[PDB]
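Single-structure report; data block below.
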Amino acid sequence: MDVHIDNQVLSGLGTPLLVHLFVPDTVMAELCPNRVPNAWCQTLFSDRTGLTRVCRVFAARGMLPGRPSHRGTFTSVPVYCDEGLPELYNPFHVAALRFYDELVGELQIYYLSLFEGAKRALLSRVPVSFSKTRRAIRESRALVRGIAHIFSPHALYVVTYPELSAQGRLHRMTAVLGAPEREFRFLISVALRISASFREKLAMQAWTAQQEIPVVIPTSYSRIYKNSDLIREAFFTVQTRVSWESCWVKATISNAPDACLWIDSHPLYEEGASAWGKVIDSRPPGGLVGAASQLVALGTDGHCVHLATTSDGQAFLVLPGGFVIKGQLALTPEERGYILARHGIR
Amino acid sequence: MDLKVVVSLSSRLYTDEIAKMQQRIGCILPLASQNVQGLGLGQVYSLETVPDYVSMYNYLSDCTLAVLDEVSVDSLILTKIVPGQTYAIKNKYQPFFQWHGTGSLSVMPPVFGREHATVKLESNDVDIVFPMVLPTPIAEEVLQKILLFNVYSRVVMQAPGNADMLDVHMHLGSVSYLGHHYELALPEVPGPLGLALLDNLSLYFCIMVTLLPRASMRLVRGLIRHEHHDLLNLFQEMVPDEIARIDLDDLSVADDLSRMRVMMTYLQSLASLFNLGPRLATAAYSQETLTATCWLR
Amino acid sequence: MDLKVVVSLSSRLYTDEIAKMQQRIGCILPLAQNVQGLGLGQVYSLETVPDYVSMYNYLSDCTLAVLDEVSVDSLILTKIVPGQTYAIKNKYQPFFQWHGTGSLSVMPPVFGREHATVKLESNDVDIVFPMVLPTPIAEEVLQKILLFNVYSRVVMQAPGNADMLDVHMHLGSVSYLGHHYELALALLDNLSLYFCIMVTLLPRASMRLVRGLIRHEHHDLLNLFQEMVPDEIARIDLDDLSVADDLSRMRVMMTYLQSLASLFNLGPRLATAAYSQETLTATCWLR
Amino acid sequence: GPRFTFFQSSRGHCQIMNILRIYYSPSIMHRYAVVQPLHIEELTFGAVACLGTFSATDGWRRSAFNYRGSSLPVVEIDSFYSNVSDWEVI
């Protein structure tokens, strides 16, 4: 319970009330491989979308709960959406975290899964952490309760405990949707406009390939890939469930820091949720010929479609087979600032 | 009192290296205690690890130093630094530092690039990098700048909106000098012992933050309320929340004595943590032959 | 080896110059020979203000010397090697103490400017000897003069907060090894200002450094025990400030903490072995 | 209650504080969890001076110190150069 009293006196500037929680290792293992993170709070609104300041959450892992039943990581969620009096709760209201060590993996949590279980679980001197002395005397089992998670179907333990007035006001609060409805529709909107840009670039040209990346191709390429076999190019737009892991936003976050290339690569047909948001590097002493080795290793991928984004506002789609279709990236810069505030600072 | 300490090699120092070794005569070299490896700084600063400037600073501060005086083939001689003796040192270092005021000279690892103070030894499988010699205040601001970068690279990387990583690389930037600005080498990861040094420094910082003298808060609040001093220019006529909220209480004579007493002992401990590496007090530096006569301070 | 240094005086001297070198033969002075720049006589010139940090960094810049003899024109004096031990007396205008103190200090005289400055009307060299005093005496008088000038400038800003009687009851009376001494009274003003900006920059710098080093060791005994102690009122207001102003604050903070750490270290650190009361002398070596 | 201990090391004169801080680290908070100071004192955990230097040529040779009751192991150090420094807080 070390992180509980570690960000309860630090996050009190940006947030009135702080919640203490657990994440099991089993539920967040598909967020990040090999438990590489060791956070950033950004609660987005359901009907009142906007943008909010980012709050920092101190989390430390590898340390168990008081229960021996499950052993997982520690976390905390700030609650600061409730304007003025926090007696109102916003229902169907997400809270999004950016847990990280070196930014990797994302977590989304409803306020309703949080708050329903929070009521369910119930000549100087040196300065003393009065919260630390008050935390130490509870030390019991029923402070922690297991609550199912609506995003990912697992039990997420919250630890609340009759500590002080700050949690004391918390369980007395009650009040009388569309928060994940927007982010899917937004990403599919920009994916539809990108596929329309590729449609008009294939239309103003002949229906042909320019083949930016060289790779050798067999004679049976029109057989083993059928005539107008755009099955992957059909279903590409359904396969992009994520955006903030995608390389599509990696160009927009890298405009201010200069310009490299980013790759969203997907399986020809359901071979696995492959890869999102990687780098093609010209900075290190691998150099431009080292980046060209990566790009020909990209074009030689015979079982994956590829999408390329540049940081300067251009988008490409590399077919398996070295073929490519040029395209444009440009969008209304309100959504640029929207994504830039969704990730971090403007 | 012996000084003439030879270091026996095991292979032929070829004439491509004899020229640049005779070019580096009168410089300073750290000792191990000889064997061909461990006599220099390449034993702790290799190409395989990050240049951390703390573990090599630990090797400079733990073991003693030596002047290079003669380089023969197949063997070279070294002259130690025992105290009470006046050693004459020439400024044979590629980032030049003019010793006008002739302050206390100070050893440093080559934080201004490995390439200027290295020597390529192809006789034996060893490379020797020379320590950097420069006066004390430039050395201390190099220490504070390299620890500030070693603590701030991680926290600029830790932000999700890292629109400015290059802000610190020019803000820290060069070293602060009037006649010329000299850029240095900046490592991304501070490494183990650099983080141990920042850990001990954080220990000391959070212990002394438990006792703040409240009396100077009233004086800086008054100087804000009075004319803006040029030393106050970092505040630009602003009272932050912390200094506004540590001054709700009164000012007495009781707390101040014990506060300033433990501040005396903890600032003497911090000077002992900043008396770091062997230093050389300098008297009668003759500029016309570029020799700074020094005894081991 | 003759460690003696010869200095030729410019003109001819007279009687109380001999009396005041007989007073000041035992006490010592720094170095740069040239009869103008012998010691602190280029800082105590009144056309500039006698400052403490310039004089202290000069005193740490130059070496030290024992005056030994003054004839009609010569100034026979020896300097300080770290090697061998020389003999030292008090011969000081505060006559404080030597009770076996194994650590010494050499500071410029904050008790009196004219108390250690000796003046000649024929020779304008206005030479002056910095006060040698033991280390607990040194730290006690530097605290009791720094907090005194802090309180003086605070009363000058607003007199309603601080008084003078309750601070003269305590901050004017150093007491060490049974002996109870008394002392009361620009240079301490600016020295206090450096401390004043260092102790007001220490909060933001301290929370920034403990927020950088707070979760390095992901479960440490020592790191958590240094995190449990400090102020809950302190660790809130950091993320509001821009980058460059923050790093300029930390840079000026680090420069003046290194300066004030080396300044709170007692500069020329002498060390005594055996003190004779009846001759008022002790043997000393440089440390 | 306090204790004296004597430390021999051929390492740096200025890099002796860090290693001994690391050495006393497993004891300090482990016995400092139970105590908390007041009227502020008790923050200084020990202090260390350098007695001086003996040569790296001669090592320290263990011997036996015996009173008339019994004996005790003792360490002999030859060729010392006692240069006593100041106490430095850990």
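A note on labels: chains of the structure tokens are A, B, ... as shown, every chain counts residues from 1, and ligands are counted from 1 in their shown order.
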* **Which of stretch 60-186 of chain C fall in strand (DSSP E or B), as a PyMOL selection string** => chain C and resi 64-70+74-79+86-89+104-107+117+128+131-134+175-176+179-180
Just to be explicit: take each residue in the selection above, keep N, CA and C atoms, and write the result as a compact mmCIF listing (two decimals), in the first residue's frame.
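And here's result.txt as it stands now:
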# COMPACT_ATOMS: atom_id res chain seq x y z
N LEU C 64 48.91 30.96 2.38
CA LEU C 64 48.99 31.59 3.69
C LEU C 64 50.45 31.81 4.07
N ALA C 65 50.67 32.64 5.09
CA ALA C 65 52.02 33.00 5.47
C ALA C 65 52.08 33.41 6.93
N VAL C 66 53.21 33.13 7.57
CA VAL C 66 53.49 33.56 8.93
C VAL C 66 54.44 34.74 8.87
N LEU C 67 53.98 35.90 9.34
CA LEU C 67 54.87 37.03 9.55
C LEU C 67 55.87 36.70 10.65
N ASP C 68 57.14 37.04 10.42
CA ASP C 68 58.17 36.75 11.40
C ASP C 68 58.94 37.97 11.87
N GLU C 69 59.27 38.92 11.00
CA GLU C 69 60.09 40.04 11.44
C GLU C 69 59.87 41.25 10.54
N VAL C 70 59.98 42.43 11.14
CA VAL C 70 59.92 43.71 10.43
C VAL C 70 61.09 44.57 10.93
N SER C 74 62.65 45.74 5.80
CA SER C 74 62.34 44.39 5.37
C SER C 74 61.11 43.86 6.09
N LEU C 75 60.47 42.89 5.44
CA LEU C 75 59.30 42.20 5.98
C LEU C 75 59.64 40.71 5.88
N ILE C 76 60.25 40.19 6.93
CA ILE C 76 60.66 38.79 6.95
C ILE C 76 59.46 37.93 7.34
N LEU C 77 59.06 37.03 6.45
CA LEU C 77 57.92 36.17 6.71
C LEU C 77 58.14 34.84 6.01
N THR C 78 57.56 33.78 6.58
CA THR C 78 57.57 32.46 5.97
C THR C 78 56.14 32.06 5.60
N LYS C 79 56.03 31.18 4.61
CA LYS C 79 54.74 30.73 4.11
C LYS C 79 54.42 29.34 4.67
N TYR C 86 54.71 24.41 11.90
CA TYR C 86 55.20 25.69 12.39
C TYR C 86 54.50 26.04 13.69
N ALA C 87 55.00 27.09 14.34
CA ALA C 87 54.48 27.54 15.63
C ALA C 87 53.55 28.72 15.43
N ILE C 88 52.41 28.69 16.10
CA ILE C 88 51.38 29.71 15.95
C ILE C 88 50.99 30.21 17.34
N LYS C 89 50.78 31.52 17.47
CA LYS C 89 50.25 32.13 18.67
C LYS C 89 48.85 32.65 18.37
N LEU C 104 40.98 23.59 13.27
CA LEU C 104 41.03 25.04 13.31
C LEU C 104 40.36 25.64 12.08
N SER C 105 40.20 26.95 12.12
CA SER C 105 39.61 27.70 11.02
C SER C 105 40.36 29.00 10.86
N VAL C 106 40.36 29.52 9.64
CA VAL C 106 40.89 30.84 9.34
C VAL C 106 39.82 31.58 8.56
N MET C 107 39.18 32.55 9.20
CA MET C 107 38.15 33.36 8.58
C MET C 107 38.54 34.83 8.68
N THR C 117 42.75 45.22 11.05
CA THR C 117 43.43 46.07 10.09
C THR C 117 44.37 47.02 10.83
N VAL C 128 46.17 43.49 7.06
CA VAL C 128 45.09 43.01 7.91
C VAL C 128 45.21 41.49 8.01
N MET C 131 41.00 36.31 11.16
CA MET C 131 40.90 35.80 12.52
C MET C 131 40.97 34.27 12.53
N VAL C 132 42.00 33.73 13.17
CA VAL C 132 42.12 32.29 13.38
C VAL C 132 41.38 31.93 14.66
N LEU C 133 40.46 30.98 14.55
CA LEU C 133 39.58 30.61 15.64
C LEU C 133 39.21 29.14 15.48
N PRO C 134 38.97 28.43 16.57
CA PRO C 134 38.66 27.00 16.47
C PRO C 134 37.32 26.74 15.81
N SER C 175 29.05 29.95 23.38
CA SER C 175 29.49 29.24 24.57
C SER C 175 30.08 27.90 24.15
N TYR C 176 31.36 27.69 24.44
CA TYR C 176 32.06 26.50 24.01
C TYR C 176 33.15 26.15 25.00
N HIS C 179 33.54 28.11 28.34
CA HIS C 179 33.77 29.53 28.20
C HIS C 179 32.59 30.19 27.51
N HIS C 180 32.13 31.30 28.08
CA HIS C 180 30.94 32.01 27.63
C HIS C 180 31.41 33.35 27.08
* Excluding stretch 22-35 of chain D and residues on its chain fewer than 3 positions from it, collect all residues at most 10 Å away from it, counting only C-alpha atoms, and give them as a PyMOL selection string. => (chain B and resi 196+200) or (chain C and resi 221-226) or (chain D and resi 17-19+42+45-46+90)
* Asked: Once you count only C-alpha atoms, which residues of chain A turn out to be within 7 Å of chain B? Could you give them as a VMD selection string?
  -> chain A and resid 102 to 103 123 to 124 126 256 to 257 343 to 345
* Proximal residues of chain B relative to chain D (only C-alpha atoms; 9 Å) as a list in words ->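 Taking only C-alpha atoms into account, residues 58, 59, 60, 61, 62, 63, 64, 196, 197, 200, 207, 255, 258, 259, 262, 265, 266, 268, 269, 272, 273, 274, 275, 276, 277 and 278 of chain B sit within 9 Å of chain D.
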* Distance filter 6 Å, only C-alpha atoms, chain C against chain B, as a PyMOL selection string -> chain C and resi 82-83+154+196+206+210+230+261-262+265
* To do: Apply DSSP to the structure's backbone, then extract all residues of stretch 1-135 of chain A labelled alpha helix (DSSP H) and return them as number ranges by chain.
  => A: 25-28, 111-120, 130-135
Could you write out the selected residues, including N, CA, C and O atoms, as a PDB file, in the first residue's frame?
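Output contents, as saved in again.pdb:
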ATOM      1  N   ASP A  25      -1.838  -9.108 -12.543  1.00  0.00           N
ATOM      2  CA  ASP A  25      -0.851  -9.253 -13.602  1.00  0.00           C
ATOM      3  C   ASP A  25      -1.455  -9.937 -14.817  1.00  0.00           C
ATOM      4  O   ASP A  25      -1.013  -9.712 -15.948  1.00  0.00           O
ATOM      5  N   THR A  26      -2.492 -10.749 -14.604  1.00  0.00           N
ATOM      6  CA  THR A  26      -3.056 -11.537 -15.693  1.00  0.00           C
ATOM      7  C   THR A  26      -3.873 -10.672 -16.644  1.00  0.00           C
ATOM      8  O   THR A  26      -3.979 -10.975 -17.837  1.00  0.00           O
ATOM      9  N   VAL A  27      -4.449  -9.582 -16.140  1.00  0.00           N
ATOM     10  CA  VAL A  27      -5.316  -8.771 -16.985  1.00  0.00           C
ATOM     11  C   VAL A  27      -4.491  -7.769 -17.787  1.00  0.00           C
ATOM     12  O   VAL A  27      -4.813  -7.459 -18.941  1.00  0.00           O
ATOM     13  N   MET A  28      -3.382  -7.302 -17.229  1.00  0.00           N
ATOM     14  CA  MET A  28      -2.578  -6.304 -17.909  1.00  0.00           C
ATOM     15  C   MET A  28      -1.398  -6.909 -18.655  1.00  0.00           C
ATOM     16  O   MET A  28      -0.581  -6.163 -19.202  1.00  0.00           O
ATOM     17  N   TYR A 111     -15.938   5.051 -14.350  1.00  0.00           N
ATOM     18  CA  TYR A 111     -16.116   5.522 -12.983  1.00  0.00           C
ATOM     19  C   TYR A 111     -17.110   4.646 -12.236  1.00  0.00           C
ATOM     20  O   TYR A 111     -17.054   4.537 -11.006  1.00  0.00           O
ATOM     21  N   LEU A 112     -18.023   4.006 -12.971  1.00  0.00           N
ATOM     22  CA  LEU A 112     -19.063   3.201 -12.342  1.00  0.00           C
ATOM     23  C   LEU A 112     -18.498   1.908 -11.776  1.00  0.00           C
ATOM     24  O   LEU A 112     -18.942   1.440 -10.722  1.00  0.00           O
ATOM     25  N   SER A 113     -17.513   1.321 -12.458  1.00  0.00           N
ATOM     26  CA  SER A 113     -16.839   0.148 -11.913  1.00  0.00           C
ATOM     27  C   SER A 113     -15.980   0.525 -10.716  1.00  0.00           C
ATOM     28  O   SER A 113     -15.694  -0.313  -9.853  1.00  0.00           O
ATOM     29  N   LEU A 114     -15.566   1.787 -10.645  1.00  0.00           N
ATOM     30  CA  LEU A 114     -14.761   2.236  -9.521  1.00  0.00           C
ATOM     31  C   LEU A 114     -15.619   2.526  -8.299  1.00  0.00           C
ATOM     32  O   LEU A 114     -15.301   2.090  -7.187  1.00  0.00           O
ATOM     33  N   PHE A 115     -16.720   3.251  -8.487  1.00  0.00           N
ATOM     34  CA  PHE A 115     -17.425   3.811  -7.343  1.00  0.00           C
ATOM     35  C   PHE A 115     -18.387   2.811  -6.723  1.00  0.00           C
ATOM     36  O   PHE A 115     -18.648   2.863  -5.516  1.00  0.00           O
ATOM     37  N   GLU A 116     -18.941   1.904  -7.534  1.00  0.00           N
ATOM     38  CA  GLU A 116     -19.833   0.882  -6.997  1.00  0.00           C
ATOM     39  C   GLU A 116     -19.068  -0.086  -6.107  1.00  0.00           C
ATOM     40  O   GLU A 116     -19.599  -0.570  -5.102  1.00  0.00           O
ATOM     41  N   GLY A 117     -17.814  -0.368  -6.451  1.00  0.00           N
ATOM     42  CA  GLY A 117     -17.024  -1.258  -5.625  1.00  0.00           C
ATOM     43  C   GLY A 117     -16.416  -0.561  -4.425  1.00  0.00           C
ATOM     44  O   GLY A 117     -16.087  -1.203  -3.424  1.00  0.00           O
ATOM     45  N   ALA A 118     -16.248   0.762  -4.512  1.00  0.00           N
ATOM     46  CA  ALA A 118     -15.710   1.514  -3.384  1.00  0.00           C
ATOM     47  C   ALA A 118     -16.703   1.555  -2.229  1.00  0.00           C
ATOM     48  O   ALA A 118     -16.308   1.558  -1.058  1.00  0.00           O
ATOM     49  N   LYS A 119     -17.998   1.586  -2.542  1.00  0.00           N
ATOM     50  CA  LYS A 119     -19.006   1.481  -1.496  1.00  0.00           C
ATOM     51  C   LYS A 119     -19.266   0.023  -1.137  1.00  0.00           C
ATOM     52  O   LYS A 119     -19.786  -0.279  -0.058  1.00  0.00           O
ATOM     53  N   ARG A 120     -18.907  -0.896  -2.035  1.00  0.00           N
ATOM     54  CA  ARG A 120     -19.098  -2.316  -1.767  1.00  0.00           C
ATOM     55  C   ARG A 120     -18.079  -2.832  -0.758  1.00  0.00           C
ATOM     56  O   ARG A 120     -18.413  -3.647   0.112  1.00  0.00           O
ATOM     57  N   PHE A 130       0.795  11.960   8.362  1.00  0.00           N
ATOM     58  CA  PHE A 130      -0.385  11.577   9.131  1.00  0.00           C
ATOM     59  C   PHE A 130      -1.232  10.558   8.383  1.00  0.00           C
ATOM     60  O   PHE A 130      -1.898   9.720   9.001  1.00  0.00           O
ATOM     61  N   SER A 131      -1.212  10.612   7.052  1.00  0.00           N
ATOM     62  CA  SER A 131      -1.909   9.612   6.260  1.00  0.00           C
ATOM     63  C   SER A 131      -1.228   8.255   6.371  1.00  0.00           C
ATOM     64  O   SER A 131      -1.886   7.214   6.295  1.00  0.00           O
ATOM     65  N   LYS A 132       0.091   8.249   6.565  1.00  0.00           N
ATOM     66  CA  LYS A 132       0.821   6.989   6.654  1.00  0.00           C
ATOM     67  C   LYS A 132       0.554   6.296   7.980  1.00  0.00           C
ATOM     68  O   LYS A 132       0.461   5.064   8.039  1.00  0.00           O
ATOM     69  N   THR A 133       0.428   7.075   9.056  1.00  0.00           N
ATOM     70  CA  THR A 133       0.094   6.497  10.352  1.00  0.00           C
ATOM     71  C   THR A 133      -1.354   6.038  10.381  1.00  0.00           C
ATOM     72  O   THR A 133      -1.687   5.044  11.039  1.00  0.00           O
ATOM     73  N   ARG A 134      -2.235   6.741   9.671  1.00  0.00           N
ATOM     74  CA  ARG A 134      -3.635   6.345   9.671  1.00  0.00           C
ATOM     75  C   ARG A 134      -3.866   5.155   8.755  1.00  0.00           C
ATOM     76  O   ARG A 134      -4.799   4.374   8.964  1.00  0.00           O
ATOM     77  N   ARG A 135      -3.031   5.003   7.724  1.00  0.00           N
ATOM     78  CA  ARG A 135      -3.153   3.849   6.838  1.00  0.00           C
ATOM     79  C   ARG A 135      -2.730   2.569   7.548  1.00  0.00           C
ATOM     80  O   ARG A 135      -3.279   1.493   7.284  1.00  0.00           O
TER      81      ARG A 135
END
* Report the distance between atom CA of residue C:277 and atom CA of residue C:24 in Å, rounded to one decimal place. =>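 These atoms are spaced 18.0 Å apart.
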* Might you pull out every residue within 12 Å of residue C:178, with only C-alpha atoms counted and same-chain residues fewer than 4 positions away left off, and present them as a ChimeraX atom specification? => /C:97,99,174
* **Surrounding residues of residue C:85 excluding itself and chain neighbours under 4 positions, 12 Å, only C-alpha atoms, as a ChimeraX atom specification** => /C:66,79-81,270-274,282-287
* To do: Report as a ChimeraX atom specification the set of chain C residues whose atoms approach chain A to within 9 Å, with distances computed over only C-alpha atoms.
  => /C:215,218-219,224,227-237
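Atom CA of residue A:161 lies 13.6 Å from atom CA of residue A:17.
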* To do: Please identify all polymer residues within 12 Å of residue A:215, counting only C-alpha atoms, omitting same-chain residues fewer than 4 positions from it, and present them as a ChimeraX atom specification.
  => /A:211,293,295-302,318-324
Write a file of the just-selected residues containing N, CA, C and O atoms, as a PDB file, in the first residue's frame.
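Produced file selection.pdb, reproduced below:
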ATOM      1  N   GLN A 211       5.576   1.075 -57.112  1.00  0.00           N
ATOM      2  CA  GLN A 211       6.572   0.203 -56.482  1.00  0.00           C
ATOM      3  C   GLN A 211       7.792   1.001 -56.008  1.00  0.00           C
ATOM      4  O   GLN A 211       8.860   0.967 -56.614  1.00  0.00           O
ATOM      5  N   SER A 293      17.599  -1.188 -45.548  1.00  0.00           N
ATOM      6  CA  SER A 293      17.542  -2.613 -45.235  1.00  0.00           C
ATOM      7  C   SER A 293      16.255  -2.970 -44.504  1.00  0.00           C
ATOM      8  O   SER A 293      15.634  -3.996 -44.808  1.00  0.00           O
ATOM      9  N   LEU A 295      13.482  -1.293 -44.842  1.00  0.00           N
ATOM     10  CA  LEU A 295      12.368  -1.081 -45.752  1.00  0.00           C
ATOM     11  C   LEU A 295      12.263  -2.205 -46.781  1.00  0.00           C
ATOM     12  O   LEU A 295      11.155  -2.562 -47.194  1.00  0.00           O
ATOM     13  N   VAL A 296      13.387  -2.805 -47.178  1.00  0.00           N
ATOM     14  CA  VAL A 296      13.293  -3.941 -48.089  1.00  0.00           C
ATOM     15  C   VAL A 296      12.935  -5.207 -47.315  1.00  0.00           C
ATOM     16  O   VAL A 296      12.292  -6.117 -47.852  1.00  0.00           O
ATOM     17  N   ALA A 297      13.287  -5.267 -46.025  1.00  0.00           N
ATOM     18  CA  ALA A 297      12.769  -6.330 -45.174  1.00  0.00           C
ATOM     19  C   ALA A 297      11.285  -6.156 -44.903  1.00  0.00           C
ATOM     20  O   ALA A 297      10.604  -7.126 -44.561  1.00  0.00           O
ATOM     21  N   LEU A 298      10.784  -4.934 -45.017  1.00  0.00           N
ATOM     22  CA  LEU A 298       9.361  -4.671 -44.944  1.00  0.00           C
ATOM     23  C   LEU A 298       8.635  -5.079 -46.212  1.00  0.00           C
ATOM     24  O   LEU A 298       7.570  -5.701 -46.136  1.00  0.00           O
ATOM     25  N   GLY A 299       9.182  -4.723 -47.374  1.00  0.00           N
ATOM     26  CA  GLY A 299       8.518  -5.051 -48.623  1.00  0.00           C
ATOM     27  C   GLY A 299       8.555  -6.528 -48.953  1.00  0.00           C
ATOM     28  O   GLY A 299       7.711  -7.018 -49.707  1.00  0.00           O
ATOM     29  N   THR A 300       9.517  -7.259 -48.392  1.00  0.00           N
ATOM     30  CA  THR A 300       9.618  -8.690 -48.633  1.00  0.00           C
ATOM     31  C   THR A 300       8.656  -9.500 -47.777  1.00  0.00           C
ATOM     32  O   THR A 300       8.577 -10.721 -47.954  1.00  0.00           O
ATOM     33  N   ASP A 301       7.934  -8.859 -46.860  1.00  0.00           N
ATOM     34  CA  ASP A 301       6.925  -9.525 -46.042  1.00  0.00           C
ATOM     35  C   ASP A 301       5.777  -9.936 -46.949  1.00  0.00           C
ATOM     36  O   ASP A 301       4.958  -9.109 -47.352  1.00  0.00           O
ATOM     37  N   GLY A 302       5.719 -11.218 -47.278  1.00  0.00           N
ATOM     38  CA  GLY A 302       4.707 -11.716 -48.176  1.00  0.00           C
ATOM     39  C   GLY A 302       3.389 -12.058 -47.535  1.00  0.00           C
ATOM     40  O   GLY A 302       2.452 -12.438 -48.238  1.00  0.00           O
ATOM     41  N   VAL A 318       1.872   0.130 -48.257  1.00  0.00           N
ATOM     42  CA  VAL A 318       2.752  -0.806 -48.945  1.00  0.00           C
ATOM     43  C   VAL A 318       2.056  -2.151 -49.004  1.00  0.00           C
ATOM     44  O   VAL A 318       1.798  -2.774 -47.967  1.00  0.00           O
ATOM     45  N   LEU A 319       1.752  -2.597 -50.215  1.00  0.00           N
ATOM     46  CA  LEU A 319       1.199  -3.920 -50.413  1.00  0.00           C
ATOM     47  C   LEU A 319       2.278  -4.973 -50.196  1.00  0.00           C
ATOM     48  O   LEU A 319       3.468  -4.696 -50.354  1.00  0.00           O
ATOM     49  N   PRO A 320       1.891  -6.185 -49.805  1.00  0.00           N
ATOM     50  CA  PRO A 320       2.834  -7.306 -49.884  1.00  0.00           C
ATOM     51  C   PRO A 320       3.148  -7.607 -51.340  1.00  0.00           C
ATOM     52  O   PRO A 320       2.259  -7.931 -52.129  1.00  0.00           O
ATOM     53  N   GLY A 321       4.415  -7.479 -51.687  1.00  0.00           N
ATOM     54  CA  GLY A 321       4.852  -7.493 -53.057  1.00  0.00           C
ATOM     55  C   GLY A 321       5.593  -6.253 -53.491  1.00  0.00           C
ATOM     56  O   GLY A 321       5.910  -6.132 -54.679  1.00  0.00           O
ATOM     57  N   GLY A 322       5.891  -5.336 -52.573  1.00  0.00           N
ATOM     58  CA  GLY A 322       6.633  -4.141 -52.893  1.00  0.00           C
ATOM     59  C   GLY A 322       5.834  -3.031 -53.534  1.00  0.00           C
ATOM     60  O   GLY A 322       6.363  -1.924 -53.689  1.00  0.00           O
ATOM     61  N   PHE A 323       4.584  -3.279 -53.912  1.00  0.00           N
ATOM     62  CA  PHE A 323       3.766  -2.240 -54.516  1.00  0.00           C
ATOM     63  C   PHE A 323       3.364  -1.224 -53.461  1.00  0.00           C
ATOM     64  O   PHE A 323       3.297  -1.539 -52.270  1.00  0.00           O
ATOM     65  N   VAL A 324       3.098   0.002 -53.894  1.00  0.00           N
ATOM     66  CA  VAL A 324       2.737   1.059 -52.961  1.00  0.00           C
ATOM     67  C   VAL A 324       1.745   1.987 -53.652  1.00  0.00           C
ATOM     68  O   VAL A 324       1.707   2.076 -54.882  1.00  0.00           O
TER      69      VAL A 324
END
* Could you check how far atom CA of residue A:177 sits from atom CA of residue A:19, in Å to one decimal? => 22.0 Å
* Nearest to chain D, chosen from C:172, C:102, C:268, C:159, with only C-alpha atoms counted in the distances ->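 Checking each candidate against chain D, we get C:102 as the closest.
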* With only C-alpha atoms as the basis for distance, which of D:84, D:74, D:51, D:20 is at the shortest distance from chain C? ->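 When distances to chain C are compared using only C-alpha atoms, the smallest one comes from D:84.
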* Got a sec: who's within 9 Å of residue A:239, counting only C-alpha atoms, leaving out chain neighbours fewer than 6 positions off, as a ChimeraX atom specification? -> /A:266,270,273
